[PDB]
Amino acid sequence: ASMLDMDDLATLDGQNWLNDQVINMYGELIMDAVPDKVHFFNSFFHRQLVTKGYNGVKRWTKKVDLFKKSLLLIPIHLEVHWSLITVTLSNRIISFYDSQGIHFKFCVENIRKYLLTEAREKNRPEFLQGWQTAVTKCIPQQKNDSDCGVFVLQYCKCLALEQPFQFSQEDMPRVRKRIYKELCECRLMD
């Protein structure tokens, strides 16, 4: 983990839209803090897997045994929007979280194909079957049109540290400020 330019940090400011440097850097912080349990794919992983297939992301897990982890977090970027896919390995459930009710199950199948492929190459027979889609659950939704990135990062923190979603729209200003300081310190300030 490392430090961001001041203008990337500024995307947390006010009601500005989070960009990829904030998303990816906080992901780094999150798995810096629980590295045996969580693997965080960066926000470019999905586009690359979609426009260039398993051969375009093959080498990104060169140093990771995905299947020893408990939780994979995969931030999804949709034009103007941040969303989140999670893979819980213990029970082979792929989930899709979004703070504006958007349903994109069309892309969790790309993920499923990805996981079955990776399992084949990493000689992991216990993961060549069994993947489920998650039964959708009530998670905190946003009431403005700018906090999707902030919601996605807070879902990641909560899932990573195994906390409940104990937050709502009115906490977002404080969370933007917490994420900002955590980023300046390169550590999660629980």
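Note that residue numbering begins at 1 and tracks the sequence as displayed.
Asks: Tell me which stretch has the larger mean Cα B-factor in this entry, 99 to 107 or 80 to 88.
Replies: In the deposited entry, the stretch with the higher C-alpha B-factor mean is 99 to 107.
Asks: Per the PDB record, is the mean Cα temperature factor higher over 150 to 158 or over 58 to 66?
Replies: Mean CA B-factor is higher for 58 to 66.
Asks: According to the PDB entry, is the CA B factor of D20 in the bottom, middle or top third of its chain, that is, lowest, middle or highest?
Replies: Answer is lowest: the recorded C-alpha B-factor places it there.
Asks: Based on the entry's values, in what third of the chain does the Cα temperature factor of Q163 lie: lowest, middle or highest?
Replies: Its C-alpha B-factor, which the entry lists for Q163, ranks in the middle third among residues of this chain.
Asks: Which third of the chain holds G53 when residues are ordered by C-alpha B factor: lowest, middle or highest?
Replies: Within its chain, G53 is a middle-third residue by C-alpha B-factor, going by the deposited values.
Asks: Which third of the chain does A119 land in by C-alpha B-factor: lowest, middle or highest?
Replies: Within its chain, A119 is a highest-third residue by C-alpha B-factor, going by the deposited values.
Asks: Among the modelled residues of its chain, does the C-alpha B-factor of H46 lie in the lowest, middle or highest third?
Replies: As the PDB entry reports it, the C-alpha B-factor of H46 lands in the middle third of its chain.
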